[PDB]
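Remarks on the structure that follows.
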Amino acid sequence: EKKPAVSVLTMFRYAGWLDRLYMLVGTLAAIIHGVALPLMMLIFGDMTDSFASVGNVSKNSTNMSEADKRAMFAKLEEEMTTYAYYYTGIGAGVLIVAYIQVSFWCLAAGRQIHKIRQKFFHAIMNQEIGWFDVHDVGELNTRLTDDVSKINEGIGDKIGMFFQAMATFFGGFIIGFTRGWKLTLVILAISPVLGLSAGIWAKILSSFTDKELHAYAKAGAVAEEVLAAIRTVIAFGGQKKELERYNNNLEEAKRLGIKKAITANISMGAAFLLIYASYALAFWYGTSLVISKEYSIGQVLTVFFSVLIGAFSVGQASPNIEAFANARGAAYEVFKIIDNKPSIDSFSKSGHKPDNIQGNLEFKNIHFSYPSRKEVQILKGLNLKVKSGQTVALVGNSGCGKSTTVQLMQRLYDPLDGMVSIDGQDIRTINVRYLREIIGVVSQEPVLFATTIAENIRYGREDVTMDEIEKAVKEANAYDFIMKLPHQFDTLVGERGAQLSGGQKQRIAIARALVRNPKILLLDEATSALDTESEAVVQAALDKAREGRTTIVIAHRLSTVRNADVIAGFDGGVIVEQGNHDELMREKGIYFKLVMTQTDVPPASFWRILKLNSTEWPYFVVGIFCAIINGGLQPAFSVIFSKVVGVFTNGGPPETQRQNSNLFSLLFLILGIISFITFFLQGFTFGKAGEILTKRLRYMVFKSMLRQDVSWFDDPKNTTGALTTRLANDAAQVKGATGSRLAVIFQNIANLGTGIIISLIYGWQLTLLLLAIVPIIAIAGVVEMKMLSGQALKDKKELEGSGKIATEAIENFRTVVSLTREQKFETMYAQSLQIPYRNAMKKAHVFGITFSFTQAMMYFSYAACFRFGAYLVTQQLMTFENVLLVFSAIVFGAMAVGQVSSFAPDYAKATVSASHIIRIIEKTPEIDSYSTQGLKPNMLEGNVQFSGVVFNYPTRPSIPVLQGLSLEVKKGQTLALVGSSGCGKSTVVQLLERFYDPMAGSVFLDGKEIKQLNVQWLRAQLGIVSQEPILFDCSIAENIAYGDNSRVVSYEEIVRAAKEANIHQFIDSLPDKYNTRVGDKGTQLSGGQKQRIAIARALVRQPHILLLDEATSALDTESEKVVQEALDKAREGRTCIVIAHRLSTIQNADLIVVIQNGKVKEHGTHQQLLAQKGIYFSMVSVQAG
């Protein structure tokens, strides 16, 4: 794959000369800060030389008593005055430099972004309408704030850290090479082995990642299918069969999760081994070069560090590069749009602006093709004149041509052949804004903007007095309704405000167009969607608006057409006939045929989560054990490093410097081995502990989820997707808070515990300083991580208004371009953008300081340590060896807890991710579908009885649905439910199902309360025929057998049932006859076919009650008669409840109940309800006319 990018030198266009300066000065800061630590290593070397030169004098030979005290100790006091002034000189320069670095880089980036946002938005408002046709507008709108956010990363402070890290790469290989080159070329012969070992594992972890997501995609497909189809699952009691399907695919992602779990801690301990190895090789050889008096101890300790810093400086500049290349990549898709220039320029000032326009309209030989399907021509040889002041109604078969015409006179596309002229003048030779200013567009649907009525109207022409507004609202017929609104002309509309009816919205659009007072009117589907009531007022207001104006109307209603001055009949791009209404009627062509048809904050306890993994404690004992050893190897290293340098800095014979040095040097590989072993076992025990924990919790969850009742799955929050998510990643993210949290705290204890002890005993004065200051620098490392995020909140919240403006403008682009207010939205955008600008120009001032005072409180404290420890050596109270044993036991160990804690998963995000799991498991439903108790008699009568049923939906508890609902269905009769639209009718079906309990009243079945009968044996004798029947990705045998579970479903039973559903004959000529894969994967069945499959399943169950709920929710004409035959078959001699919408179903029913607001207004046979002349009569009379 090759994703494109921008040339580096391009991407910094829009950078003023001052931004070109800021990036330079800020770079020079970044270089200085880069080399500033290598100097701290050079000095750290000359400091050990200053201690070593005297450290062995005062010990080995006792020559003089007090003429040796003052001599050497007044030498060290004067040496360390200089080393301390040197360190503080660094921290001072750091304090200045780091400020200039992040200050000037974030500044130049902000100044460039503010110039990008406006040019990019303007670039989008300048595009063509065929440009919008091809593109997905949703991703474009997110692309306005995501891609610009991807660039601001890769041009801000992320560069100053890069030139910093490279200035350390070269400053460090400089000091290393110029102070001694043998040690360096030793290391740089090994560093390819470690950059290789590092890169290898990132290729293997990415391998076992995507292999894992393809392992769970099988289980998570069954997951998505169930929780969408849960109504069918509960209604057919397949809550355990789907648990087994979801489980038998759940072992794949486990075994793969282990091959990932092991190999992650292999990758850890493997590279953690190669550190202790190249440590030994570089120290064994470095000691052999000081024994022979080539180097000193200060030389080695300079070079080894000043190499490892510059060599590790690469891994710290990896992401700062990747972020700069992400910024290049996002900058390509944007700069393409900015550099794209349209043919129809809505901003240019080119064409004529002719005055006194009478509106002669002429189409000449027009040919046109849309550019999304450019193979099909839409219009071919289209010719036609509109004389000044005439009205033209366009009629003809369904097609995009009529609207295309309206789009061509707006000039929203440029026709290919031919020419469109107004008063003899090519419309492509005037200006676009003058053109659309003279044209009023009345779209099918009117866009209302979330603003006041005054502003929505003023969008048509922003310089207008309130008198003229009043005139237009009057003329458009929207005035009297506005005067009755509570905040008259100030009422707030749009999506945020009060919803206006269709008629009122359209009349507002008409008033806006009146304000525009154009010379040409174009109306498309003006009264299509609108009902007859709204249509009459709108027609009166349109007719008002049209008087003496040239008008093209896309007519759907005949009455619009009858009063037009001329009618055009279009067919296939070609005007087949033109004339007045009576002429086209006389022609008895197309038009005549037309007129003669129309007539989330749960707190979970830590111990509670830990108990979930309790079933695998033996794994935990081991993992704890290796987490203590591995947590103990760090203070060991702090010793073996100190004990090394102690030899060459306190005093000894050169007979022991070999065996002591080589011993400690191979104790590095003792430690390195124990690292690799304790990691391979840590990640073999805590690894399985986690990959077990996921699989066992996904099972217990999905089980507990199908145990829940329907009120839960009705909630807005428990949608089928947020449950697949919660079931998929949140179920797995727990394991970062069970074993990995013990591994953390046992490592951290075994590290800081034994290292606090050791450093305290070897000398406690230095420690109380360091462990007093570590609270401070640890705080600083925290507050940076905080305020980096809390400022992300502040700036990105102040950006939502600026983004909502753009969302409003892109989502209705076709409207605003017709109002020619692209400039208005440009100004509104900029004015909204003026807050986060001045905020960002203070932001760089802030992060200059938080970055400066982090590094200053660290470089200063390096002096506050090696000064105090030095005075502890002056007073002969502590050795320099014991200093290194304190310093690299606190510092290198506190860095160890960070290098651990930053690797492990986010514990907070894992805890709340787990607390949701515990809630979904420990929840017990109102309706335990899983239960085993209940009467379950042998009485197959099926007397149904509702007595005074009272019920309210718990999703919408404020509203009522059913009040005093009473009704009997006698054995074997069919009952039809009728009434006005409402949930009561469906609710009866859901209550016999027992998907909900009632608040009061009673539902009885053969004299028995249904709340006292097993849910499985209630629902087993109930057949649910749903509206949109759900077919499962599965064979016909399994989909039908899904109904009667735990039942010998044989070839015989399928065939008799498929006969009686009327699908056998259609099934048997299909190619794989009964093995044919159906569902989304297989041949897509029509709406009619699916329901007939559902019917066969209901016959297989052979229940004594049949619940039919708004079946026939389709337009398949033949399927309808097939279904109705199959249904008459399916009902015969069975007790049936039908939610009836069709009159014919009602006529043949044995009993009808007319329900209104929970109340049985009337009931009886068909004939008696007709002759009653009541509600039922009203329904049948409406269909009758």
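Lettering and numbering for the structure tokens are positional, with chains as A, B, ... in the shown order, residues counted from 1 in each chain, and ligands counted from 1 in the shown order.
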
Next item on the list: Find the residues around stretch 76-87 of chain A up to 8 Å (only C-alpha atoms counted), leave out those fewer than 6 positions away in its own chain, and share them as a PyMOL selection string.
Entry: chain A and resi 40+43+47+50-51+859-860+862-863+866-867+870+874

Check: Any idea what's packed within 12 Å of residue A:658, counting only C-alpha atoms, ignoring anything in its chain fewer than 6 positions away? Could you give it as a PyMOL selection string?
Finding: chain A and resi 283-292+644+647-648+652+664-665

Residue subset to file, keeping N, CA, C and O atoms, as an mmCIF file, in the first residue's frame:
```cif
data_model
loop_
_atom_site.group_PDB
_atom_site.id
_atom_site.type_symbol
_atom_site.label_atom_id
_atom_site.label_comp_id
_atom_site.auth_asym_id
_atom_site.auth_seq_id
_atom_site.Cartn_x
_atom_site.Cartn_y
_atom_site.Cartn_z
ATOM 1 N N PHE A 283 30.628 -3.147 30.046
ATOM 2 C CA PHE A 283 31.280 -2.844 31.314
ATOM 3 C C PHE A 283 32.498 -3.728 31.529
ATOM 4 O O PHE A 283 33.485 -3.277 32.108
ATOM 5 N N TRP A 284 32.412 -5.003 31.177
ATOM 6 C CA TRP A 284 33.590 -5.862 31.158
ATOM 7 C C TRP A 284 34.694 -5.262 30.284
ATOM 8 O O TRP A 284 35.848 -5.111 30.724
ATOM 9 N N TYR A 285 34.333 -4.794 29.081
ATOM 10 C CA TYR A 285 35.364 -4.180 28.245
ATOM 11 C C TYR A 285 35.743 -2.785 28.747
ATOM 12 O O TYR A 285 36.935 -2.414 28.724
ATOM 13 N N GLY A 286 34.798 -2.063 29.358
ATOM 14 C CA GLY A 286 35.143 -0.751 29.871
ATOM 15 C C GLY A 286 36.026 -0.817 31.100
ATOM 16 O O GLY A 286 36.868 0.063 31.309
ATOM 17 N N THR A 287 35.859 -1.853 31.925
ATOM 18 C CA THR A 287 36.743 -2.028 33.070
ATOM 19 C C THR A 287 38.125 -2.453 32.602
ATOM 20 O O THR A 287 39.145 -2.020 33.164
ATOM 21 N N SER A 288 38.183 -3.268 31.536
ATOM 22 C CA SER A 288 39.498 -3.679 31.067
ATOM 23 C C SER A 288 40.254 -2.515 30.450
ATOM 24 O O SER A 288 41.475 -2.614 30.285
ATOM 25 N N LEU A 289 39.569 -1.410 30.125
ATOM 26 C CA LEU A 289 40.259 -0.237 29.592
ATOM 27 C C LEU A 289 40.617 0.813 30.645
ATOM 28 O O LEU A 289 41.292 1.789 30.299
ATOM 29 N N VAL A 290 40.201 0.649 31.906
ATOM 30 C CA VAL A 290 40.645 1.540 32.981
ATOM 31 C C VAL A 290 41.704 0.833 33.816
ATOM 32 O O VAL A 290 42.562 1.488 34.416
ATOM 33 N N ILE A 291 41.657 -0.503 33.871
ATOM 34 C CA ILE A 291 42.697 -1.238 34.593
ATOM 35 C C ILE A 291 44.062 -0.973 33.970
ATOM 36 O O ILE A 291 45.058 -0.774 34.679
ATOM 37 N N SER A 292 44.128 -0.955 32.643
ATOM 38 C CA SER A 292 45.360 -0.678 31.915
ATOM 39 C C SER A 292 45.705 0.807 31.845
ATOM 40 O O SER A 292 46.653 1.168 31.139
ATOM 41 N N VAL A 644 30.638 -1.961 41.314
ATOM 42 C CA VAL A 644 31.632 -1.801 40.252
ATOM 43 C C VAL A 644 32.386 -0.488 40.435
ATOM 44 O O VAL A 644 33.608 -0.477 40.625
ATOM 45 N N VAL A 647 35.016 0.128 43.397
ATOM 46 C CA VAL A 647 36.382 -0.383 43.307
ATOM 47 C C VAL A 647 37.318 0.704 42.801
ATOM 48 O O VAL A 647 38.380 0.960 43.380
ATOM 49 N N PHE A 648 36.930 1.364 41.719
ATOM 50 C CA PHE A 648 37.762 2.347 41.046
ATOM 51 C C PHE A 648 37.623 3.755 41.625
ATOM 52 O O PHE A 648 38.170 4.698 41.043
ATOM 53 N N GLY A 652 41.622 0.225 46.142
ATOM 54 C CA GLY A 652 41.846 -1.197 46.078
ATOM 55 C C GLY A 652 43.136 -1.536 45.352
ATOM 56 O O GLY A 652 43.736 -0.683 44.689
ATOM 57 N N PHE A 664 31.085 -8.795 39.133
ATOM 58 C CA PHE A 664 29.881 -7.974 39.021
ATOM 59 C C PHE A 664 29.394 -7.879 37.575
ATOM 60 O O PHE A 664 28.177 -7.931 37.310
ATOM 61 N N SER A 665 30.334 -7.865 36.626
ATOM 62 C CA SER A 665 29.987 -7.813 35.212
ATOM 63 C C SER A 665 29.215 -9.043 34.761
ATOM 64 O O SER A 665 28.365 -8.933 33.870
#
```

Next item on the list: Using DSSP on the backbone coordinates, identify all residues within stretch 1060-1140 of chain A classified as helix (DSSP H, G or I); present the result as an MDAnalysis selection string.
Entry: chainID A and resid 1060:1061 1064:1068 1087:1101 1117:1131

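Between atom CA of residue A:98 and atom CA of residue A:45 the separation is 24.8 Å.
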
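Note that atom CA of residue A:36 and atom CA of residue A:308 are 15.1 Å apart.
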
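Each of A:1109, A:881, A:784, A:68 was checked against residue A:848 using only C-alpha atoms; the smallest atom-to-atom distance is that of A:784.
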
Check: Which residue, A:105, A:332, A:591, A:434, has the smallest gap to residue A:352 when you use only C-alpha atoms?
Finding: A:434

Note to self: I'd like the contact shell of residue A:372 - 10 Å cut-off, only C-alpha atoms, skipping same-chain residues fewer than 3 positions apart - returned as JSON, numbers by chain.
What the structure shows: {"A": [130, 131, 133, 134, 135, 369, 375, 376]}

Item checked: Test item: residues at most 12 Å from residue A:1114, only C-alpha atoms, excluding those fewer than 6 positions along its chain, as number ranges by chain -> A: 1027-1029, 1086-1091, 1120-1121, 1123

Would you save the residues of that selection, restricted to N, CA, C and O atoms, as a compact mmCIF listing (two decimals), in the first residue's frame?
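Just written: part13.txt:
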```txt
# COMPACT_ATOMS: atom_id res chain seq x y z
N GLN A 1027 -43.97 -8.72 12.67
CA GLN A 1027 -44.13 -7.85 11.51
C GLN A 1027 -43.08 -8.12 10.45
O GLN A 1027 -43.40 -8.62 9.36
N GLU A 1028 -41.82 -7.80 10.77
CA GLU A 1028 -40.68 -8.06 9.89
C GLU A 1028 -40.03 -9.35 10.37
O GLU A 1028 -39.26 -9.31 11.34
N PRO A 1029 -40.30 -10.50 9.76
CA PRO A 1029 -39.80 -11.75 10.35
C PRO A 1029 -38.29 -11.83 10.21
O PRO A 1029 -37.73 -11.54 9.15
N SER A 1086 -37.16 -12.07 -0.67
CA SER A 1086 -38.12 -10.97 -0.57
C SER A 1086 -38.79 -10.95 0.81
O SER A 1086 -38.77 -11.93 1.55
N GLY A 1087 -39.42 -9.82 1.11
CA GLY A 1087 -40.30 -9.70 2.26
C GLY A 1087 -41.38 -10.77 2.40
O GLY A 1087 -41.59 -11.31 3.48
N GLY A 1088 -42.07 -11.09 1.30
CA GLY A 1088 -43.12 -12.11 1.36
C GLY A 1088 -42.64 -13.51 1.73
O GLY A 1088 -43.33 -14.24 2.44
N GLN A 1089 -41.47 -13.90 1.24
CA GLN A 1089 -40.96 -15.25 1.45
C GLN A 1089 -40.60 -15.52 2.91
O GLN A 1089 -40.95 -16.57 3.48
N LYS A 1090 -39.93 -14.55 3.54
CA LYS A 1090 -39.51 -14.63 4.94
C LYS A 1090 -40.68 -14.93 5.88
O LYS A 1090 -40.60 -15.81 6.74
N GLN A 1091 -41.79 -14.20 5.72
CA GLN A 1091 -42.94 -14.40 6.60
C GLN A 1091 -43.50 -15.80 6.46
O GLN A 1091 -43.89 -16.43 7.45
N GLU A 1120 -48.84 -11.49 -1.11
CA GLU A 1120 -49.99 -11.19 -0.24
C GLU A 1120 -51.09 -12.25 -0.31
O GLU A 1120 -51.53 -12.75 0.73
N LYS A 1121 -51.59 -12.56 -1.50
CA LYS A 1121 -52.55 -13.67 -1.64
C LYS A 1121 -52.00 -15.05 -1.26
O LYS A 1121 -52.72 -15.85 -0.65
N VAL A 1123 -49.60 -15.54 1.17
CA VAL A 1123 -49.69 -15.38 2.62
C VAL A 1123 -51.11 -15.54 3.13
O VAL A 1123 -51.34 -16.23 4.12
```

Next item on the list: May I ask which of the residues A:163, A:479, A:459, A:746 is the closest one to residue A:515, counting only C-alpha atoms?
Entry: A:459

Show me, as a PDB file with C-alpha atoms, in the first residue's frame, the residues that have an atom within 12 Å of residue A:337 when counting only C-alpha atoms, minus same-chain residues fewer than 3 positions from it.
```pdb
ATOM      1  CA  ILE A 116      -5.739  27.008   7.329  1.00  0.00           C
ATOM      2  CA  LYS A 119      -9.006  28.836   3.637  1.00  0.00           C
ATOM      3  CA  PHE A 120     -10.216  25.239   3.872  1.00  0.00           C
ATOM      4  CA  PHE A 121     -13.800  26.118   4.747  1.00  0.00           C
ATOM      5  CA  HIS A 122     -13.872  28.787   2.031  1.00  0.00           C
ATOM      6  CA  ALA A 123     -12.481  26.139  -0.315  1.00  0.00           C
ATOM      7  CA  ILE A 124     -15.444  23.882   0.508  1.00  0.00           C
ATOM      8  CA  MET A 125     -18.028  26.653   0.090  1.00  0.00           C
ATOM      9  CA  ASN A 126     -16.463  27.347  -3.327  1.00  0.00           C
ATOM     10  CA  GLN A 127     -16.938  23.832  -4.714  1.00  0.00           C
ATOM     11  CA  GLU A 128     -19.385  22.708  -7.397  1.00  0.00           C
ATOM     12  CA  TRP A 131     -18.334  17.977  -6.561  1.00  0.00           C
ATOM     13  CA  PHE A 132     -20.727  17.316  -3.674  1.00  0.00           C
ATOM     14  CA  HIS A 135     -18.244  12.883  -2.073  1.00  0.00           C
ATOM     15  CA  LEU A 140     -16.045  15.734   4.928  1.00  0.00           C
ATOM     16  CA  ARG A 143     -12.512  15.980   8.029  1.00  0.00           C
ATOM     17  CA  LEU A 144     -12.834  19.681   8.859  1.00  0.00           C
ATOM     18  CA  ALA A 330      -3.967  14.515   6.442  1.00  0.00           C
ATOM     19  CA  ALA A 331      -2.600  17.690   4.813  1.00  0.00           C
ATOM     20  CA  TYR A 332      -2.778  16.105   1.348  1.00  0.00           C
ATOM     21  CA  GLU A 333      -6.544  15.475   1.268  1.00  0.00           C
ATOM     22  CA  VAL A 334      -7.072  19.064   2.471  1.00  0.00           C
ATOM     23  CA  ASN A 340      -9.150  22.699  -6.567  1.00  0.00           C
ATOM     24  CA  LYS A 341     -10.817  25.534  -8.504  1.00  0.00           C
ATOM     25  CA  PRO A 342     -14.355  25.259  -9.956  1.00  0.00           C
TER      26      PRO A 342
END
```

Check: Could you pull out the strand (DSSP E) residues of stretch 1076-1136 of chain A from DSSP and send them as a PyMOL selection string?
Finding: chain A and resi 1105-1109+1135-1136

Save the residues we just selected, C-alpha atoms, as a CSV table (one decimal), in the first residue's frame?
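out-v2.csv written:
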```csv
chain,number,residue,atom,x,y,z
A,1105,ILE,CA,-52.7,-20.2,20.4
A,1106,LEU,CA,-51.5,-18.2,17.4
A,1107,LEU,CA,-50.5,-14.5,17.8
A,1108,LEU,CA,-50.4,-12.7,14.4
A,1109,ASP,CA,-49.0,-9.1,14.7
A,1135,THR,CA,-57.3,-20.1,18.9
A,1136,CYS,CA,-56.1,-17.0,17.1
```
